[PDB]
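Data file: my_file.cif. Format and content: mmCIF, C-alpha atoms and all ligand atoms; chains and numbers go by the auth columns.
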```cif
data_work
loop_
_atom_site.group_PDB
_atom_site.id
_atom_site.type_symbol
_atom_site.label_atom_id
_atom_site.label_comp_id
_atom_site.label_asym_id
_atom_site.label_seq_id
_atom_site.Cartn_x
_atom_site.Cartn_y
_atom_site.Cartn_z
_atom_site.B_iso_or_equiv
_atom_site.auth_seq_id
_atom_site.auth_asym_id
ATOM 1 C CA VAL A 1 143.469 -145.409 1.926 0.00 398 A
ATOM 2 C CA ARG A 2 142.511 -143.899 5.293 0.00 399 A
ATOM 3 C CA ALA A 3 140.507 -140.982 6.683 0.00 400 A
ATOM 4 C CA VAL A 4 142.271 -137.862 7.952 0.00 401 A
ATOM 5 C CA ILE A 5 139.851 -135.878 10.115 0.00 402 A
ATOM 6 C CA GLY A 6 140.378 -132.824 12.298 0.00 403 A
ATOM 7 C CA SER A 7 143.070 -130.244 11.569 0.00 404 A
ATOM 8 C CA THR A 8 143.872 -128.786 8.161 0.00 405 A
ATOM 9 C CA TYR A 9 145.810 -131.047 5.865 0.00 406 A
ATOM 10 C CA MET A 10 148.118 -130.712 2.898 0.00 407 A
ATOM 11 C CA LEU A 11 148.572 -133.938 0.952 0.00 408 A
ATOM 12 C CA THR A 12 152.216 -134.988 1.200 0.00 409 A
ATOM 13 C CA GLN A 13 154.263 -136.743 -1.452 0.00 410 A
ATOM 14 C CA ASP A 14 152.721 -139.978 -2.806 0.00 411 A
ATOM 15 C CA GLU A 15 149.254 -139.100 -1.500 0.00 412 A
ATOM 16 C CA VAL A 16 146.166 -138.591 -3.641 0.00 413 A
ATOM 17 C CA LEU A 17 142.457 -138.100 -2.938 0.00 414 A
ATOM 18 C CA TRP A 18 140.282 -141.220 -2.811 0.00 415 A
ATOM 19 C CA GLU A 19 136.595 -141.210 -3.740 0.00 416 A
ATOM 20 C CA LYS A 20 134.094 -142.987 -1.489 0.00 417 A
ATOM 21 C CA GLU A 21 131.089 -144.203 -3.444 0.00 418 A
ATOM 22 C CA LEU A 22 127.981 -145.440 -1.638 0.00 419 A
ATOM 23 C CA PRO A 23 125.329 -148.061 -2.475 0.00 420 A
ATOM 24 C CA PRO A 24 122.359 -146.688 -4.442 0.00 421 A
ATOM 25 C CA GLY A 25 119.600 -145.016 -2.483 0.00 422 A
ATOM 26 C CA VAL A 26 121.870 -144.297 0.483 0.00 423 A
ATOM 27 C CA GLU A 27 122.805 -140.896 -0.974 0.00 424 A
ATOM 28 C CA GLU A 28 119.080 -140.184 -1.316 0.00 425 A
ATOM 29 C CA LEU A 29 118.785 -140.926 2.395 0.00 426 A
ATOM 30 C CA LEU A 30 121.724 -138.678 3.234 0.00 427 A
ATOM 31 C CA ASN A 31 120.738 -135.536 1.349 0.00 428 A
ATOM 32 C CA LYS A 32 116.928 -135.628 1.573 0.00 429 A
ATOM 33 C CA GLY A 33 116.159 -136.979 5.030 0.00 430 A
ATOM 34 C CA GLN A 34 117.924 -134.662 7.449 0.00 431 A
ATOM 35 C CA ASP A 35 116.204 -135.135 10.822 0.00 432 A
ATOM 36 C CA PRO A 36 114.044 -138.297 11.061 0.00 433 A
ATOM 37 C CA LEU A 37 112.518 -136.943 14.259 0.00 434 A
ATOM 38 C CA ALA A 38 111.511 -133.883 12.281 0.00 435 A
ATOM 39 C CA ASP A 39 110.490 -135.054 8.829 0.00 436 A
ATOM 40 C CA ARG A 40 109.576 -138.651 9.662 0.00 437 A
ATOM 41 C CA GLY A 41 106.023 -137.964 8.537 0.00 438 A
ATOM 42 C CA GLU A 42 106.788 -138.881 4.942 0.00 439 A
ATOM 43 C CA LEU B 1 109.019 -130.556 17.098 0.00 498 B
ATOM 44 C CA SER B 2 106.453 -131.856 14.611 0.00 499 B
ATOM 45 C CA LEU B 3 103.140 -131.527 16.434 0.00 500 B
ATOM 46 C CA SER B 4 99.439 -132.158 15.816 0.00 501 B
ATOM 47 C CA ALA B 5 96.788 -129.517 15.193 0.00 502 B
ATOM 48 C CA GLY B 6 93.531 -128.917 13.360 0.00 503 B
ATOM 49 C CA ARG B 7 89.888 -129.393 14.206 0.00 504 B
ATOM 50 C CA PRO B 8 89.820 -133.256 14.146 0.00 505 B
ATOM 51 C CA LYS B 9 93.464 -133.142 15.386 0.00 506 B
ATOM 52 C CA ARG B 10 95.336 -134.382 12.334 0.00 507 B
ATOM 53 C CA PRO B 11 99.040 -135.206 12.801 0.00 508 B
ATOM 54 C CA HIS B 12 101.980 -133.239 11.345 0.00 509 B
ATOM 55 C CA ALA B 13 100.097 -129.940 11.203 0.00 510 B
ATOM 56 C CA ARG B 14 102.235 -127.504 13.216 0.00 511 B
ATOM 57 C CA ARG B 15 106.024 -127.611 13.214 0.00 512 B
ATOM 58 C CA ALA B 16 107.553 -125.643 16.054 0.00 513 B
ATOM 59 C CA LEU B 17 110.925 -124.970 17.592 0.00 514 B
ATOM 60 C CA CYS B 18 110.420 -124.356 21.291 0.00 515 B
ATOM 61 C CA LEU B 19 108.254 -126.289 23.710 0.00 516 B
ATOM 62 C CA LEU B 20 105.618 -124.333 25.616 0.00 517 B
ATOM 63 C CA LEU B 21 104.874 -125.996 28.907 0.00 518 B
ATOM 64 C CA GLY B 22 102.199 -123.779 30.284 0.00 519 B
ATOM 65 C CA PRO B 23 98.622 -124.311 31.407 0.00 520 B
ATOM 66 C CA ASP B 24 97.108 -124.252 27.933 0.00 521 B
ATOM 67 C CA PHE B 25 94.320 -126.331 26.457 0.00 522 B
ATOM 68 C CA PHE B 26 93.599 -128.055 23.180 0.00 523 B
ATOM 69 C CA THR B 27 90.218 -129.103 21.855 0.00 524 B
ATOM 70 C CA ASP B 28 89.318 -132.258 19.944 0.00 525 B
ATOM 71 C CA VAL B 29 86.256 -133.650 18.150 0.00 526 B
ATOM 72 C CA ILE B 30 85.406 -137.249 19.050 0.00 527 B
ATOM 73 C CA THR B 31 82.818 -139.362 17.206 0.00 528 B
ATOM 74 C CA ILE B 32 81.554 -142.152 19.479 0.00 529 B
ATOM 75 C CA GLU B 33 78.697 -144.653 19.555 0.00 530 B
ATOM 76 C CA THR B 34 76.684 -145.938 22.498 0.00 531 B
ATOM 77 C CA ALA B 35 75.236 -149.297 23.537 0.00 532 B
ATOM 78 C CA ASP B 36 71.984 -148.316 21.786 0.00 533 B
ATOM 79 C CA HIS B 37 74.078 -147.732 18.619 0.00 534 B
ATOM 80 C CA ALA B 38 73.584 -143.960 18.742 0.00 535 B
ATOM 81 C CA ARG B 39 76.334 -142.336 16.707 0.00 536 B
ATOM 82 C CA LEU B 40 77.047 -138.876 18.062 0.00 537 B
ATOM 83 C CA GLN B 41 80.043 -136.562 18.075 0.00 538 B
ATOM 84 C CA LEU B 42 81.616 -134.543 20.866 0.00 539 B
ATOM 85 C CA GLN B 43 83.695 -131.439 21.427 0.00 540 B
ATOM 86 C CA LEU B 44 86.057 -131.675 24.377 0.00 541 B
ATOM 87 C CA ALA B 45 88.637 -129.375 25.954 0.00 542 B
ATOM 88 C CA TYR B 46 91.783 -130.570 27.700 0.00 543 B
ATOM 89 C CA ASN B 47 93.549 -128.469 30.343 0.00 544 B
ATOM 90 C CA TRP B 48 97.165 -129.650 30.392 0.00 545 B
ATOM 91 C CA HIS B 49 100.554 -128.588 31.672 0.00 546 B
HETATM 92 N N1 LIG C . 94.901 -121.205 30.066 0.00 601 C
HETATM 93 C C1 LIG C . 94.262 -121.107 28.906 0.00 601 C
HETATM 94 O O1 LIG C . 93.058 -121.272 28.826 0.00 601 C
HETATM 95 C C2 LIG C . 95.056 -120.790 27.675 0.00 601 C
HETATM 96 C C3 LIG C . 96.347 -120.298 27.812 0.00 601 C
HETATM 97 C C4 LIG C . 97.076 -120.012 26.669 0.00 601 C
HETATM 98 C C5 LIG C . 96.491 -120.240 25.426 0.00 601 C
HETATM 99 N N2 LIG C . 95.240 -120.711 25.311 0.00 601 C
HETATM 100 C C6 LIG C . 94.694 -120.909 23.959 0.00 601 C
HETATM 101 O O2 LIG C . 93.628 -121.855 23.848 0.00 601 C
HETATM 102 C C7 LIG C . 93.583 -122.270 22.480 0.00 601 C
HETATM 103 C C8 LIG C . 92.894 -123.622 22.300 0.00 601 C
HETATM 104 O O3 LIG C . 92.710 -123.872 20.908 0.00 601 C
HETATM 105 P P1 LIG C . 92.951 -125.320 20.246 0.00 601 C
HETATM 106 O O4 LIG C . 93.859 -126.121 21.134 0.00 601 C
HETATM 107 O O5 LIG C . 91.634 -125.876 19.778 0.00 601 C
HETATM 108 O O6 LIG C . 93.800 -124.944 18.942 0.00 601 C
HETATM 109 P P2 LIG C . 94.808 -126.041 18.354 0.00 601 C
HETATM 110 O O7 LIG C . 94.193 -127.398 18.572 0.00 601 C
HETATM 111 O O8 LIG C . 95.259 -125.609 16.984 0.00 601 C
HETATM 112 O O9 LIG C . 96.035 -125.860 19.367 0.00 601 C
HETATM 113 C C9 LIG C . 97.073 -126.824 19.492 0.00 601 C
HETATM 114 C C10 LIG C . 97.663 -126.730 20.897 0.00 601 C
HETATM 115 O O10 LIG C . 99.072 -126.935 20.858 0.00 601 C
HETATM 116 C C11 LIG C . 99.732 -126.052 21.768 0.00 601 C
HETATM 117 N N3 LIG C . 101.059 -125.659 21.235 0.00 601 C
HETATM 118 C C12 LIG C . 101.294 -125.082 20.046 0.00 601 C
HETATM 119 N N4 LIG C . 102.618 -124.857 19.868 0.00 601 C
HETATM 120 C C13 LIG C . 103.256 -125.300 20.964 0.00 601 C
HETATM 121 C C14 LIG C . 104.658 -125.371 21.429 0.00 601 C
HETATM 122 N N5 LIG C . 105.673 -124.907 20.663 0.00 601 C
HETATM 123 N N6 LIG C . 104.893 -125.908 22.646 0.00 601 C
HETATM 124 C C15 LIG C . 103.895 -126.369 23.417 0.00 601 C
HETATM 125 N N7 LIG C . 102.604 -126.339 23.054 0.00 601 C
HETATM 126 C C16 LIG C . 102.224 -125.825 21.862 0.00 601 C
HETATM 127 C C17 LIG C . 98.820 -124.855 21.932 0.00 601 C
HETATM 128 O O11 LIG C . 98.862 -124.386 23.285 0.00 601 C
HETATM 129 C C18 LIG C . 97.447 -125.368 21.533 0.00 601 C
HETATM 130 O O12 LIG C . 96.581 -125.538 22.654 0.00 601 C
HETATM 131 C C19 LIG C . 95.034 -122.275 22.012 0.00 601 C
HETATM 132 O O13 LIG C . 95.133 -121.799 20.665 0.00 601 C
HETATM 133 C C20 LIG C . 95.774 -121.381 22.998 0.00 601 C
HETATM 134 O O14 LIG C . 96.415 -120.259 22.376 0.00 601 C
HETATM 135 C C21 LIG C . 94.519 -120.991 26.405 0.00 601 C
#
```
Using the file provided, produce a representation of the structure as structure tokens.
Amino acid sequence: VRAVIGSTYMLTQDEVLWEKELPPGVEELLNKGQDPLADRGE
Amino acid sequence: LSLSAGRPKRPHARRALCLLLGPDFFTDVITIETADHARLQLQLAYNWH
């Protein structure tokens, strides 16, 4: 598994999509808290 | 910018987007106490730029 970033990509032969799961509570930090200089109050 | 506002100047009371850097003023209410233990409150005004 790797990360392909940048230009548009078609998956070749023998390539599939991988799912990156995260430890619990980290997703809550990613979606809710956008700008910690902005909404750092709470 | 998350700024402070209000009459006793609470924090997180005025979110803004641009920074005004002109000769404005803001006013605060300060409760102090003297060497005779006289509790008394003030109203001040702060010319800044
Ligand atoms: N030269 C002057 O005397 C002068 C000039 C302009 C405005 N004023 C006015 O005097 C009033 C004083 O009232 P107050 O301070 O008790 O009310 P307040 O305590 O609610 O005001 C908060 C202060 O934050 C400042 N401020 C708000 N948004 C800002 C931003 N995006 N960038 C930079 N600064 C920002 C304002 O100038 C204001 O003085 C202000 O409301 C202001 O409009 C005075």
Inset, instruction - Select residues of chain A: the criterion is any atom within 10 Å of an atom of chain B, counting only C-alpha atoms; output as a ChimeraX atom specification. - result: /A:434-439
Find the smallest box with edges along x, y and z containing every listed atom of ligand LIG 601 (chain C), then add 4 Å on each side and report centre and edge lengths in Å to one decimal, as JSON.
```
{"center_x": 98.7, "center_y": -123.7, "center_z": 23.5, "size_x": 22.0, "size_y": 15.4, "size_z": 21.1}
```
Legend entry - Contacts of ligand LIG 601 (chain C), 6 Å or closer, only C-alpha atoms and all ligand atoms, given as a ChimeraX atom specification: /B:502-503,513,515-518,520-524
Please produce a file of the residues just selected, as a PDB file, in the frame of the given file, where the atoms kept are C-alpha atoms.
```
ATOM      1  CA  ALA B 502      96.788-129.517  15.193  1.00  0.00           C
ATOM      2  CA  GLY B 503      93.531-128.917  13.360  1.00  0.00           C
ATOM      3  CA  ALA B 513     107.553-125.643  16.054  1.00  0.00           C
ATOM      4  CA  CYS B 515     110.420-124.356  21.291  1.00  0.00           C
ATOM      5  CA  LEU B 516     108.254-126.289  23.710  1.00  0.00           C
ATOM      6  CA  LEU B 517     105.618-124.333  25.616  1.00  0.00           C
ATOM      7  CA  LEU B 518     104.874-125.996  28.907  1.00  0.00           C
ATOM      8  CA  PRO B 520      98.622-124.311  31.407  1.00  0.00           C
ATOM      9  CA  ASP B 521      97.108-124.252  27.933  1.00  0.00           C
ATOM     10  CA  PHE B 522      94.320-126.331  26.457  1.00  0.00           C
ATOM     11  CA  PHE B 523      93.599-128.055  23.180  1.00  0.00           C
ATOM     12  CA  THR B 524      90.218-129.103  21.855  1.00  0.00           C
TER      13      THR B 524
END
```
Inset, instruction - For residue 415 in chain A, please output as a list in words all residues within 12 Å (counting only C-alpha atoms; exclusion window: fewer than 4 positions along the same chain). - result: residues 398, 399, 400, 401 and 408 of chain A
Inset, instruction - May I ask for the distance between CA of residue 501 in chain B and CA of residue 527 in chain B, given in Å to one decimal place? - result: 15.3 Å
Inset, instruction - Please indicate the distance in Å from CA of residue 537 in chain B to CA of residue 511 in chain B, rounded to one decimal place. - result: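 Separating CA of residue 537 in chain B from CA of residue 511 in chain B is a distance of 28.1 Å.
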Inset, instruction - Find the spatial neighbours of residue 539 in chain B, counting only C-alpha atoms, within a cut-off of 12 Å - ignore same-chain residues fewer than 5 positions away - and output them as a VMD selection string. - result: chain B and resid 504 to 505 524 to 530
Inset, instruction - To one decimal in Å, tell me the separation between CA of residue 403 in chain A and CA of residue 417 in chain A. - result: 18.2 Å
Reconstruct range 499-521 of chain B at the level of N, CA, C and O atoms, and format the result as a tab-separated table (two decimals), in the frame of the given file.
```tsv
chain	number	residue	atom	x	y	z
B	499	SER	N	107.59	-131.70	15.52
B	499	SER	CA	106.45	-131.86	14.61
B	499	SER	C	105.25	-132.23	15.46
B	499	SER	O	105.22	-133.31	16.07
B	500	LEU	N	104.26	-131.35	15.53
B	500	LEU	CA	103.14	-131.53	16.43
B	500	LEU	C	101.86	-131.82	15.66
B	500	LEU	O	101.86	-131.92	14.43
B	501	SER	N	100.76	-131.94	16.39
B	501	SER	CA	99.44	-132.16	15.82
B	501	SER	C	98.57	-130.93	16.06
B	501	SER	O	98.73	-130.24	17.06
B	502	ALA	N	97.67	-130.68	15.12
B	502	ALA	CA	96.79	-129.52	15.19
B	502	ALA	C	95.57	-129.79	14.32
B	502	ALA	O	95.41	-130.90	13.79
B	503	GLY	N	94.73	-128.79	14.16
B	503	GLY	CA	93.53	-128.92	13.36
B	503	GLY	C	92.30	-129.16	14.21
B	503	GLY	O	92.35	-129.30	15.43
B	504	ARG	N	91.16	-129.21	13.52
B	504	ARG	CA	89.89	-129.39	14.21
B	504	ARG	C	89.62	-130.86	14.55
B	504	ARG	O	89.17	-131.13	15.67
B	505	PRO	N	89.87	-131.87	13.65
B	505	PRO	CA	89.82	-133.26	14.15
B	505	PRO	C	91.15	-133.76	14.68
B	505	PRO	O	91.32	-134.97	14.85
B	506	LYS	N	92.10	-132.84	14.91
B	506	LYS	CA	93.46	-133.14	15.39
B	506	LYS	C	94.21	-134.09	14.45
B	506	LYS	O	94.52	-135.23	14.82
B	507	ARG	N	94.49	-133.63	13.24
B	507	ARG	CA	95.34	-134.38	12.33
B	507	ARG	C	96.79	-134.32	12.81
B	507	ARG	O	97.16	-133.40	13.54
B	508	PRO	N	97.62	-135.29	12.45
B	508	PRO	CA	99.04	-135.21	12.80
B	508	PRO	C	99.83	-134.43	11.75
B	508	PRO	O	99.39	-134.26	10.61
B	509	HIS	N	101.02	-133.99	12.17
B	509	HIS	CA	101.98	-133.24	11.34
B	509	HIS	C	101.36	-131.97	10.77
B	509	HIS	O	101.39	-131.74	9.56
B	510	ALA	N	100.80	-131.14	11.64
B	510	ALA	CA	100.10	-129.94	11.20
B	510	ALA	C	100.68	-128.65	11.75
B	510	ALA	O	100.24	-127.57	11.33
B	511	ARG	N	101.64	-128.72	12.66
B	511	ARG	CA	102.24	-127.50	13.22
B	511	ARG	C	103.65	-127.83	13.66
B	511	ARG	O	103.85	-128.41	14.73
B	512	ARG	N	104.63	-127.47	12.84
B	512	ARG	CA	106.02	-127.61	13.21
B	512	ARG	C	106.43	-126.42	14.06
B	512	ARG	O	106.10	-125.28	13.75
B	513	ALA	N	107.16	-126.69	15.14
B	513	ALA	CA	107.55	-125.64	16.05
B	513	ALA	C	108.98	-125.89	16.48
B	513	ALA	O	109.58	-126.91	16.17
B	514	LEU	N	109.52	-124.93	17.22
B	514	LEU	CA	110.92	-124.97	17.59
B	514	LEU	C	111.13	-125.01	19.09
B	514	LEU	O	112.04	-125.69	19.56
B	515	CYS	N	110.29	-124.32	19.85
B	515	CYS	CA	110.42	-124.36	21.29
B	515	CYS	C	109.22	-125.10	21.84
B	515	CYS	O	108.21	-125.26	21.17
B	516	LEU	N	109.33	-125.56	23.08
B	516	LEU	CA	108.25	-126.29	23.71
B	516	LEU	C	107.63	-125.39	24.76
B	516	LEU	O	108.32	-124.87	25.64
B	517	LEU	N	106.33	-125.17	24.66
B	517	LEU	CA	105.62	-124.33	25.62
B	517	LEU	C	105.07	-125.27	26.66
B	517	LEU	O	104.34	-126.19	26.32
B	518	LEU	N	105.39	-125.06	27.93
B	518	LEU	CA	104.87	-126.00	28.91
B	518	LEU	C	103.97	-125.29	29.88
B	518	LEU	O	104.10	-125.46	31.08
B	519	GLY	N	103.03	-124.50	29.36
B	519	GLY	CA	102.20	-123.78	30.28
B	519	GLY	C	100.82	-124.38	30.39
B	519	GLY	O	100.47	-125.31	29.67
B	520	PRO	N	100.01	-123.85	31.30
B	520	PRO	CA	98.62	-124.31	31.41
B	520	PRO	C	97.76	-123.88	30.24
B	520	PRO	O	96.96	-122.95	30.36
B	521	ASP	N	97.91	-124.54	29.11
B	521	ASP	CA	97.11	-124.25	27.93
B	521	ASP	C	95.94	-125.23	27.87
B	521	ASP	O	95.67	-125.96	28.83
```
